[PDB]
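Asks: CSV, C-alpha atoms and all ligand atoms, saved as work39.csv, coming up:
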```csv
chain,number,residue,atom,x,y,z
U,1,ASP,CA,-73.7,-64.7,43.1
U,2,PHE,CA,-76.8,-66.5,44.1
U,3,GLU,CA,-79.3,-64.8,46.2
U,4,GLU,CA,-80.2,-66.5,49.5
U,5,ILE,CA,-83.0,-69.1,49.3
U,6,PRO,CA,-85.4,-69.7,52.1
U,7,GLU,CA,-84.1,-72.0,54.9
U,8,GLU,CA,-87.2,-74.3,54.8
U,9,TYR,CA,-85.5,-75.5,51.6
U,10,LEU,CA,-82.2,-76.4,53.1
S,1,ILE,CA,-76.3,-70.3,25.8
S,2,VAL,CA,-74.0,-68.7,23.2
S,3,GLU,CA,-75.6,-66.3,20.7
S,4,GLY,CA,-79.1,-66.6,22.1
S,5,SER,CA,-81.4,-64.0,23.5
S,6,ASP,CA,-83.5,-63.3,26.6
S,7,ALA,CA,-86.5,-65.6,26.9
S,8,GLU,CA,-90.0,-64.2,27.3
S,9,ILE,CA,-91.7,-64.6,30.6
S,10,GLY,CA,-93.4,-68.1,30.7
S,11,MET,CA,-91.8,-69.1,27.4
S,12,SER,CA,-90.4,-72.5,28.8
S,13,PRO,CA,-92.5,-73.3,31.8
S,14,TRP,CA,-91.1,-76.8,31.9
S,15,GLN,CA,-87.6,-75.4,32.3
S,16,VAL,CA,-86.0,-76.6,35.6
S,17,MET,CA,-82.9,-75.5,37.5
S,18,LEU,CA,-80.7,-78.1,39.1
S,19,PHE,CA,-79.3,-76.5,42.2
S,20,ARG,CA,-76.5,-77.4,44.4
S,21,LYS,CA,-77.3,-76.9,48.1
S,22,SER,CA,-73.7,-76.1,49.2
S,23,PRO,CA,-71.9,-74.5,47.9
S,24,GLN,CA,-75.0,-72.9,46.3
S,25,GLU,CA,-74.5,-73.1,42.6
S,26,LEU,CA,-76.2,-73.9,39.3
S,27,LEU,CA,-75.4,-77.5,38.4
S,28,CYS,CA,-77.4,-78.1,35.2
S,29,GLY,CA,-80.7,-77.6,33.4
S,30,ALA,CA,-83.6,-80.1,33.5
S,31,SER,CA,-87.2,-80.5,32.4
S,32,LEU,CA,-90.6,-81.0,34.1
S,33,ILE,CA,-92.4,-84.0,32.4
S,34,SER,CA,-95.2,-84.3,35.0
S,35,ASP,CA,-96.2,-83.0,38.5
S,36,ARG,CA,-93.7,-85.4,40.1
S,37,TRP,CA,-90.9,-86.2,37.5
S,38,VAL,CA,-87.9,-84.3,36.3
S,39,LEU,CA,-85.8,-85.3,33.2
S,40,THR,CA,-82.1,-84.5,32.9
S,41,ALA,CA,-78.7,-85.8,31.7
S,42,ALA,CA,-77.0,-88.7,33.6
S,43,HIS,CA,-73.6,-86.9,33.5
S,44,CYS,CA,-75.1,-84.0,35.6
S,45,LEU,CA,-75.2,-86.4,38.5
S,46,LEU,CA,-72.6,-89.0,37.8
S,47,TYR,CA,-69.3,-88.6,36.1
S,48,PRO,CA,-66.5,-90.5,37.9
S,49,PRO,CA,-63.7,-89.2,35.8
S,50,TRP,CA,-64.3,-85.8,37.5
S,51,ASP,CA,-65.2,-87.3,40.8
S,52,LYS,CA,-68.8,-86.3,40.3
S,53,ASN,CA,-71.4,-88.4,42.1
S,54,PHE,CA,-74.4,-86.4,43.3
S,55,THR,CA,-77.0,-87.7,45.5
S,56,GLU,CA,-80.7,-86.8,46.4
S,57,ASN,CA,-79.6,-85.0,49.4
S,58,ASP,CA,-77.1,-82.9,47.6
S,59,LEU,CA,-79.5,-81.2,45.3
S,60,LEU,CA,-82.5,-78.9,44.9
S,61,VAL,CA,-84.8,-78.5,41.9
S,62,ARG,CA,-86.0,-75.0,41.2
S,63,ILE,CA,-89.1,-74.6,38.9
S,64,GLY,CA,-90.8,-71.7,37.3
S,65,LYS,CA,-87.7,-69.5,37.2
S,66,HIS,CA,-86.7,-66.6,35.0
S,67,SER,CA,-84.0,-64.8,36.9
S,68,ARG,CA,-80.7,-66.8,37.2
S,69,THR,CA,-79.6,-65.7,40.6
S,70,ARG,CA,-82.6,-64.1,42.3
S,71,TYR,CA,-84.9,-65.8,44.6
S,72,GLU,CA,-88.2,-65.3,42.7
S,73,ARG,CA,-90.7,-64.9,45.6
S,74,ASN,CA,-94.2,-66.0,45.0
S,75,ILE,CA,-93.2,-67.3,41.5
S,76,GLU,CA,-90.7,-70.1,41.7
S,77,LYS,CA,-91.1,-73.4,43.5
S,78,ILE,CA,-88.3,-75.3,45.2
S,79,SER,CA,-88.5,-79.1,45.6
S,80,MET,CA,-86.7,-81.9,47.1
S,81,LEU,CA,-85.7,-85.1,45.5
S,82,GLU,CA,-87.1,-88.4,46.5
S,83,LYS,CA,-85.1,-90.6,44.1
S,84,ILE,CA,-82.7,-90.5,41.3
S,85,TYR,CA,-82.6,-93.0,38.5
S,86,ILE,CA,-79.8,-93.2,36.0
S,87,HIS,CA,-80.0,-95.3,32.8
S,88,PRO,CA,-78.5,-98.7,33.7
S,89,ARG,CA,-76.4,-98.6,30.5
S,90,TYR,CA,-75.2,-95.0,30.6
S,91,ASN,CA,-71.7,-95.1,29.1
S,92,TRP,CA,-69.6,-92.6,31.0
S,93,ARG,CA,-66.4,-94.4,30.2
S,94,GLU,CA,-66.4,-93.8,26.6
S,95,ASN,CA,-68.9,-91.5,24.8
S,96,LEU,CA,-71.8,-90.5,27.1
S,97,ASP,CA,-74.1,-93.0,25.3
S,98,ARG,CA,-77.5,-93.1,26.9
S,99,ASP,CA,-77.0,-89.9,28.8
S,100,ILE,CA,-80.3,-89.8,30.6
S,101,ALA,CA,-81.7,-89.7,34.1
S,102,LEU,CA,-85.0,-89.3,35.9
S,103,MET,CA,-85.7,-87.6,39.3
S,104,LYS,CA,-88.8,-88.2,41.3
S,105,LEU,CA,-89.9,-85.2,43.4
S,106,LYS,CA,-90.5,-85.5,47.0
S,107,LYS,CA,-94.0,-84.0,46.4
S,108,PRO,CA,-95.9,-82.9,43.3
S,109,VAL,CA,-95.5,-79.4,42.3
S,110,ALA,CA,-98.5,-77.3,41.4
S,111,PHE,CA,-98.9,-75.9,37.9
S,112,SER,CA,-99.3,-72.2,37.3
S,113,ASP,CA,-98.7,-69.7,34.5
S,114,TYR,CA,-94.9,-70.2,34.9
S,115,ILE,CA,-94.8,-73.9,35.7
S,116,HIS,CA,-96.2,-76.5,33.2
S,117,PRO,CA,-94.9,-79.9,31.8
S,118,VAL,CA,-93.7,-80.6,28.3
S,119,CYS,CA,-94.8,-83.6,26.2
S,120,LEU,CA,-92.7,-86.8,25.5
S,121,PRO,CA,-92.5,-87.8,21.9
S,122,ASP,CA,-94.5,-90.5,20.3
S,123,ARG,CA,-93.1,-92.7,17.5
S,124,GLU,CA,-94.9,-90.7,14.8
S,125,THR,CA,-94.1,-87.4,16.2
S,126,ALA,CA,-90.4,-88.3,16.2
S,127,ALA,CA,-90.6,-89.6,12.7
S,128,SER,CA,-92.1,-86.5,11.4
S,129,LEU,CA,-90.0,-83.9,13.1
S,130,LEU,CA,-86.6,-85.3,13.6
S,131,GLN,CA,-85.3,-84.3,10.2
S,132,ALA,CA,-82.2,-82.6,8.9
S,133,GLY,CA,-82.9,-78.9,8.5
S,134,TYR,CA,-85.8,-78.8,11.1
S,135,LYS,CA,-85.2,-76.4,13.9
S,136,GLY,CA,-85.5,-77.0,17.5
S,137,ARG,CA,-85.0,-74.8,20.6
S,138,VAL,CA,-82.6,-74.9,23.5
S,139,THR,CA,-82.8,-73.1,26.7
S,140,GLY,CA,-80.7,-72.5,29.8
S,141,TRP,CA,-78.7,-70.3,32.3
S,142,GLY,CA,-75.3,-71.5,31.1
S,143,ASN,CA,-72.4,-69.3,30.0
S,144,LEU,CA,-72.6,-66.8,27.2
S,145,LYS,CA,-69.1,-67.7,25.9
S,146,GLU,CA,-66.6,-70.6,26.0
S,147,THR,CA,-64.1,-68.4,28.0
S,148,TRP,CA,-65.5,-65.0,28.7
S,155,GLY,CA,-70.0,-64.1,30.9
S,156,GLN,CA,-73.2,-65.2,32.7
S,157,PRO,CA,-76.8,-64.2,31.8
S,158,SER,CA,-79.1,-62.4,34.2
S,159,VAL,CA,-82.1,-64.1,32.8
S,160,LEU,CA,-83.0,-67.4,31.0
S,161,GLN,CA,-81.5,-67.5,27.4
S,162,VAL,CA,-82.9,-69.1,24.2
S,163,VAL,CA,-81.7,-70.1,20.9
S,164,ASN,CA,-83.2,-72.0,17.8
S,165,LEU,CA,-80.9,-74.5,16.1
S,166,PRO,CA,-81.3,-76.8,13.0
S,167,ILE,CA,-80.9,-80.6,13.2
S,168,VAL,CA,-77.9,-81.8,11.3
S,169,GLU,CA,-77.4,-84.9,8.9
S,170,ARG,CA,-75.8,-87.9,10.7
S,171,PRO,CA,-72.8,-88.0,8.3
S,172,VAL,CA,-71.9,-84.4,8.9
S,173,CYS,CA,-72.2,-85.0,12.7
S,174,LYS,CA,-69.9,-88.1,12.5
S,175,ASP,CA,-67.2,-86.3,10.4
S,176,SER,CA,-66.9,-83.4,12.9
S,177,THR,CA,-65.6,-85.4,15.7
S,178,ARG,CA,-63.4,-88.2,16.7
S,179,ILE,CA,-65.9,-89.4,19.4
S,180,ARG,CA,-67.9,-92.6,18.5
S,181,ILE,CA,-71.5,-91.4,17.7
S,182,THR,CA,-74.5,-93.8,18.5
S,183,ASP,CA,-78.1,-94.1,17.4
S,184,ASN,CA,-79.0,-92.7,20.9
S,185,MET,CA,-77.7,-89.3,19.9
S,186,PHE,CA,-78.3,-86.6,17.4
S,187,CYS,CA,-76.4,-83.3,16.6
S,188,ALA,CA,-77.5,-79.8,15.9
S,189,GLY,CA,-76.2,-76.4,15.0
S,190,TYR,CA,-75.5,-74.1,12.1
S,191,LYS,CA,-72.8,-74.9,9.5
S,192,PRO,CA,-69.8,-72.5,9.4
S,193,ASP,CA,-71.1,-71.6,6.0
S,194,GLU,CA,-74.7,-70.7,7.3
S,195,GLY,CA,-73.8,-67.4,8.8
S,196,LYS,CA,-75.8,-68.0,12.0
S,197,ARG,CA,-74.4,-69.3,15.2
S,198,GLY,CA,-75.4,-70.5,18.6
S,199,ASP,CA,-74.9,-73.3,20.9
S,200,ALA,CA,-75.4,-74.6,24.4
S,201,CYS,CA,-72.5,-74.2,26.8
S,202,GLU,CA,-71.3,-74.8,30.4
S,203,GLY,CA,-74.3,-74.8,32.8
S,204,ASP,CA,-76.8,-75.7,30.0
S,205,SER,CA,-76.2,-79.4,30.2
S,206,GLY,CA,-79.2,-81.6,31.0
S,207,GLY,CA,-81.6,-79.0,29.6
S,208,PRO,CA,-84.2,-79.6,26.9
S,209,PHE,CA,-84.1,-79.5,23.2
S,210,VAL,CA,-87.8,-79.0,22.1
S,211,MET,CA,-89.9,-78.8,19.0
S,212,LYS,CA,-93.4,-77.5,18.3
S,213,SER,CA,-95.8,-79.9,16.5
S,214,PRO,CA,-97.4,-78.3,13.4
S,215,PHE,CA,-100.1,-81.0,13.8
S,216,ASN,CA,-101.4,-80.4,17.2
S,217,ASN,CA,-99.6,-77.2,18.4
S,218,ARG,CA,-97.9,-78.9,21.4
S,219,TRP,CA,-94.3,-78.6,22.5
S,220,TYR,CA,-92.4,-81.9,22.5
S,221,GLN,CA,-89.0,-82.7,24.1
S,222,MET,CA,-86.9,-84.4,21.4
S,223,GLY,CA,-83.4,-84.1,23.0
S,224,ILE,CA,-81.4,-83.4,26.2
S,225,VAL,CA,-78.2,-81.3,26.1
S,226,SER,CA,-75.4,-83.9,26.4
S,227,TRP,CA,-72.1,-83.0,25.0
S,228,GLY,CA,-70.0,-80.8,22.7
S,229,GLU,CA,-66.4,-79.8,22.1
S,230,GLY,CA,-66.2,-76.2,23.4
S,231,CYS,CA,-69.1,-73.8,22.6
S,232,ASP,CA,-70.2,-72.5,19.3
S,233,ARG,CA,-67.0,-73.6,17.6
S,234,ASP,CA,-67.0,-73.4,13.8
S,235,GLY,CA,-67.2,-76.9,12.3
S,236,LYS,CA,-68.4,-78.4,15.6
S,237,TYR,CA,-71.9,-79.2,16.7
S,238,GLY,CA,-73.9,-79.9,19.8
S,239,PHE,CA,-74.8,-83.5,20.7
S,240,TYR,CA,-78.1,-84.4,22.3
S,241,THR,CA,-79.6,-87.5,23.9
S,242,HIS,CA,-82.3,-89.0,21.7
S,243,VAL,CA,-85.3,-89.0,24.0
S,244,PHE,CA,-87.5,-91.0,21.8
S,245,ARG,CA,-85.0,-93.9,21.5
S,246,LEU,CA,-85.1,-94.1,25.3
S,247,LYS,CA,-88.8,-93.6,25.8
S,248,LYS,CA,-89.3,-97.2,26.8
S,249,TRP,CA,-86.9,-97.0,29.6
S,250,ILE,CA,-88.6,-93.8,30.8
S,251,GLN,CA,-92.1,-95.5,30.8
S,252,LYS,CA,-90.7,-98.4,32.6
S,253,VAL,CA,-89.3,-96.4,35.4
S,254,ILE,CA,-92.3,-94.1,35.8
S,255,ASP,CA,-94.6,-97.1,35.9
S,256,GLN,CA,-92.7,-99.3,38.1
S,257,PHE,CA,-92.0,-96.5,40.6
S,258,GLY,CA,-94.8,-93.9,40.6
S,259,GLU,CA,-95.4,-91.1,38.1
O,1,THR,CA,-95.8,-88.1,32.6
O,2,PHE,CA,-95.4,-90.3,29.6
O,3,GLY,CA,-96.3,-91.0,26.0
O,4,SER,CA,-97.0,-87.8,24.0
O,5,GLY,CA,-95.9,-86.5,27.4
O,6,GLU,CA,-98.8,-85.4,29.6
O,7,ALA,CA,-102.5,-84.5,28.9
O,8,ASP,CA,-102.4,-80.8,29.0
O,9,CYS,CA,-98.7,-81.2,28.1
O,10,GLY,CA,-96.9,-78.9,25.7
O,11,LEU,CA,-99.6,-76.2,25.9
O,12,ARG,CA,-98.3,-73.0,27.5
O,13,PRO,CA,-100.6,-71.0,29.8
O,14,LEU,CA,-99.2,-67.6,28.6
O,15,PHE,CA,-99.0,-68.6,24.9
O,16,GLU,CA,-101.0,-71.5,23.3
O,17,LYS,CA,-103.8,-71.4,25.9
O,18,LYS,CA,-104.4,-67.7,25.1
O,19,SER,CA,-103.7,-68.0,21.4
O,20,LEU,CA,-100.5,-65.9,21.7
O,21,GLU,CA,-97.2,-66.6,19.9
O,22,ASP,CA,-93.8,-66.1,21.2
O,23,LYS,CA,-91.3,-63.9,19.3
O,24,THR,CA,-89.4,-66.6,17.5
O,25,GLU,CA,-91.7,-69.7,17.2
O,26,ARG,CA,-92.5,-68.7,13.6
O,27,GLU,CA,-88.8,-69.6,12.9
O,28,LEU,CA,-89.3,-73.2,13.9
O,29,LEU,CA,-92.5,-73.5,12.1
O,30,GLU,CA,-91.1,-72.1,8.9
O,31,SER,CA,-88.3,-74.7,9.0
O,32,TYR,CA,-90.7,-77.6,9.2
O,33,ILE,CA,-91.2,-76.3,5.8
O,34,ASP,CA,-93.8,-73.9,7.0
O,35,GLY,CA,-96.2,-74.8,9.9
O,36,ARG,CA,-99.8,-75.7,10.3
R,1,LIG,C1,-62.9,-78.3,25.2
R,1,LIG,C2,-64.1,-79.0,25.9
R,1,LIG,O1,-64.2,-80.3,25.4
R,1,LIG,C3,-64.7,-81.4,26.0
R,1,LIG,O2,-64.2,-82.2,26.7
R,1,LIG,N1,-66.0,-81.8,25.7
R,1,LIG,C4,-66.5,-83.0,26.2
R,1,LIG,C5,-66.5,-84.1,25.1
R,1,LIG,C6,-66.8,-85.5,25.6
R,1,LIG,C7,-67.9,-86.1,25.2
R,1,LIG,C8,-68.2,-87.4,25.6
R,1,LIG,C9,-67.3,-88.1,26.5
R,1,LIG,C10,-66.1,-87.4,26.9
R,1,LIG,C11,-65.9,-86.1,26.5
R,1,LIG,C12,-67.9,-82.8,26.8
R,1,LIG,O3,-68.8,-82.2,26.2
R,1,LIG,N2,-68.2,-83.4,28.0
R,1,LIG,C13,-67.3,-84.2,28.8
R,1,LIG,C14,-68.1,-84.7,30.0
R,1,LIG,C15,-69.5,-84.1,29.8
R,1,LIG,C16,-69.5,-83.3,28.5
R,1,LIG,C17,-70.0,-81.9,28.7
R,1,LIG,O4,-69.2,-81.1,29.1
R,1,LIG,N3,-71.3,-81.6,28.6
R,1,LIG,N4,-71.8,-80.3,28.5
R,1,LIG,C18,-72.0,-79.9,27.1
R,1,LIG,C19,-72.2,-78.4,26.8
R,1,LIG,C20,-71.3,-78.0,25.7
R,1,LIG,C21,-71.9,-77.0,24.8
R,1,LIG,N5,-71.1,-76.8,23.6
R,2,LIG,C1,-72.5,-92.8,43.6
R,2,LIG,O1,-72.6,-92.8,45.0
R,2,LIG,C2,-73.3,-93.9,45.5
R,2,LIG,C3,-74.0,-93.8,46.9
R,2,LIG,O2,-74.4,-92.6,47.5
R,2,LIG,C4,-72.9,-95.3,45.0
R,2,LIG,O3,-73.3,-96.4,45.8
R,2,LIG,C5,-72.3,-95.4,43.7
R,2,LIG,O4,-71.5,-96.6,43.4
R,2,LIG,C6,-72.0,-94.1,43.0
R,2,LIG,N1,-71.1,-94.0,41.8
R,2,LIG,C7,-69.9,-94.7,41.5
R,2,LIG,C8,-68.7,-94.1,42.3
R,2,LIG,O5,-69.7,-94.6,40.3
```
What is this structure when it is put down as structure tokens?
Ligand SMILES: CCOC(=O)N[C@H](Cc1ccccc1)C(=O)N1CCC[C@H]1C(=O)NNCCCCN
Ligand SMILES: *[C@@H]1O[C@H](CO)[C@@H](O)[C@H](O)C1NC(C)=O
Replies:
Amino acid sequence: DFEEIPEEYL
Amino acid sequence: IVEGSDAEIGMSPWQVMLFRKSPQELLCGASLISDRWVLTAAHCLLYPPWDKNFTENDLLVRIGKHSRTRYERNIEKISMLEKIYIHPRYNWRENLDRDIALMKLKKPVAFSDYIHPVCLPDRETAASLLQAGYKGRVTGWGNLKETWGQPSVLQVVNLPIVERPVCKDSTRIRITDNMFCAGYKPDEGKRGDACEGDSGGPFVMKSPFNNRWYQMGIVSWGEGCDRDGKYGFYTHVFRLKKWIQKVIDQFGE
Amino acid sequence: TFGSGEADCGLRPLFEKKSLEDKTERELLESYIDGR
């Protein structure tokens, strides 16, 4: 249900 | 949070979300105590009976949030963990005694209208405020019911601190001096409680002396959510302050 | 970061800093047997 977070963070 | 309400924007700017990288999910709540340190419950990270043993690299900390699921562009800040510290005497085998942990951010977060730290209690602040009948406040993105939904936005609820004897007589778990309980009495005709997903979040109080918000407790445990005759148990932050200082001083701040 | 928390600690930008109150803080204060 979580909206996609920026990849810089993964 | 069960029986709470939507928080106002910027109402708990120290509120932190503990976020699992993959799968992407809400793990627990937490709190911002400085520009580089986050406070949470040890059981959010380590709980062997459930095979739970999270690591730095497993998690993300999201600060300044309002919305539960949305990525709040230009508002929220996402940070990486440098080091996790669990209380050396946390008792996960029996009763969650000393349920506390510190997380050092990879880099300092910058404060804003939506991001700001809460104060840690002092001996006299604790003494004055931690009294039966006094209300405190709990916040989080946890469930709305024991077995339901899930909020869209941060929830809030004010609960009264409860007399030690009433706390002890409500459970079969062994209570310690490192804990306190809170909630309404079945009698009181007012409900509310923390629930799944709220663990590790803050229980705070506003000083009538200096107007500052202080974190007195951490959401630790409870039997179900909002059950009549049951209460919520919280870690006693003040009783553990010395360990906190110790870690922050020996390792950064 | 520590004792009594921070320095600017516990003072909210959108509330205490502007002299605004949140919708239920009164509740707490009244239980402390009425606030400051
Ligand atoms: C029907 C649900 O009952 C429980 O197991 N509750 C346990 C009680 C327990 C406490 C200490 C030791 C062992 C068990 C609990 O709260 N637990 C078990 C492990 C972590 C903690 C929890 O879920 N923590 N979250 C508390 C939020 C609840 C709001 N009402
Ligand atoms: C959690 O996982 C660790 C390393 O990444 C350990 O070394 C440690 O012993 C741990 N928890 C145990 C299983 O209780």
Asks: May I ask you to extract the residues of chain U within 8 Å of chain S, using all atoms listed in the file, and to give them as a VMD selection string?
Replies: chain U and resid 1 to 5 9 to 10
Asks: List every protein, DNA or RNA residue that has at least one atom no more than 12 Å from (-100.0, -70.9, 22.3) in the file's coordinates, counting only C-alpha atoms, and write the result as an mmCIF file with C-alpha atoms, in the coordinates of the input.
Replies:
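Saved as selection_17.cif:
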```cif
data_model
loop_
_atom_site.group_PDB
_atom_site.id
_atom_site.type_symbol
_atom_site.label_atom_id
_atom_site.label_comp_id
_atom_site.auth_asym_id
_atom_site.auth_seq_id
_atom_site.Cartn_x
_atom_site.Cartn_y
_atom_site.Cartn_z
ATOM 1 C CA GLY S 10 -93.400 -68.100 30.700
ATOM 2 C CA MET S 11 -91.800 -69.100 27.400
ATOM 3 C CA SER S 12 -90.400 -72.500 28.800
ATOM 4 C CA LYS S 212 -93.400 -77.500 18.300
ATOM 5 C CA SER S 213 -95.800 -79.900 16.500
ATOM 6 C CA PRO S 214 -97.400 -78.300 13.400
ATOM 7 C CA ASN S 216 -101.400 -80.400 17.200
ATOM 8 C CA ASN S 217 -99.600 -77.200 18.400
ATOM 9 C CA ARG S 218 -97.900 -78.900 21.400
ATOM 10 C CA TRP S 219 -94.300 -78.600 22.500
ATOM 11 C CA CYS O 9 -98.700 -81.200 28.100
ATOM 12 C CA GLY O 10 -96.900 -78.900 25.700
ATOM 13 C CA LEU O 11 -99.600 -76.200 25.900
ATOM 14 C CA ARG O 12 -98.300 -73.000 27.500
ATOM 15 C CA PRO O 13 -100.600 -71.000 29.800
ATOM 16 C CA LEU O 14 -99.200 -67.600 28.600
ATOM 17 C CA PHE O 15 -99.000 -68.600 24.900
ATOM 18 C CA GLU O 16 -101.000 -71.500 23.300
ATOM 19 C CA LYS O 17 -103.800 -71.400 25.900
ATOM 20 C CA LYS O 18 -104.400 -67.700 25.100
ATOM 21 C CA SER O 19 -103.700 -68.000 21.400
ATOM 22 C CA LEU O 20 -100.500 -65.900 21.700
ATOM 23 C CA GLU O 21 -97.200 -66.600 19.900
ATOM 24 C CA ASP O 22 -93.800 -66.100 21.200
ATOM 25 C CA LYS O 23 -91.300 -63.900 19.300
ATOM 26 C CA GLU O 25 -91.700 -69.700 17.200
ATOM 27 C CA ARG O 26 -92.500 -68.700 13.600
#
```
Asks: What residues in chain O lie within 6 Å of chain S, counting only C-alpha atoms, written as a list in words?
Replies: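 So the residues of chain O near chain S are residues 1, 3, 4, 5, 6, 9, 10, 11, 13, 28, 31, 32, 35 and 36 of chain O.
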Asks: For the point (-78.7, -90.7, 21.5) in file coordinates, what residues are within 6 Å, counting only C-alpha atoms? Give the answer as number ranges by chain?
Replies: S: 183-186, 241-242
Asks: Grab me every residue within 6 Å of ligand LIG 1 (chain R), counting all atoms listed in the file, and send it over as a ChimeraX atom specification.
Replies: /S:94-96,199-202,205,226-231,238
Asks: What gap, in Å, lies between CA of residue 98 in chain S and CA of residue 42 in chain S?
Replies: 8.0 Å
Asks: Could you list the protein, DNA and RNA residues that have any atom within 12 Å of ligand LIG 2 (chain R), counting only C-alpha atoms and all ligand atoms, and write them as a list in words?
Replies: residues 42, 43, 45, 46, 47, 48, 49, 50, 51, 52, 53, 54, 55, 56, 57, 58, 83, 84, 85, 86, 88, 90, 91, 92 and 93 of chain S
Asks: Just give me the gap between CA of residue 145 in chain S and CA of residue 5 in chain S in Å, one decimal is fine.
Replies: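 Going from CA of residue 145 in chain S over to CA of residue 5 in chain S covers 13.1 Å.
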Asks: Between CA of residue 41 in chain S and CA of residue 100 in chain S, what is the spacing in Å?
Replies: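 Between CA of residue 100 in chain S and CA of residue 41 in chain S the gap works out to 4.4 Å.
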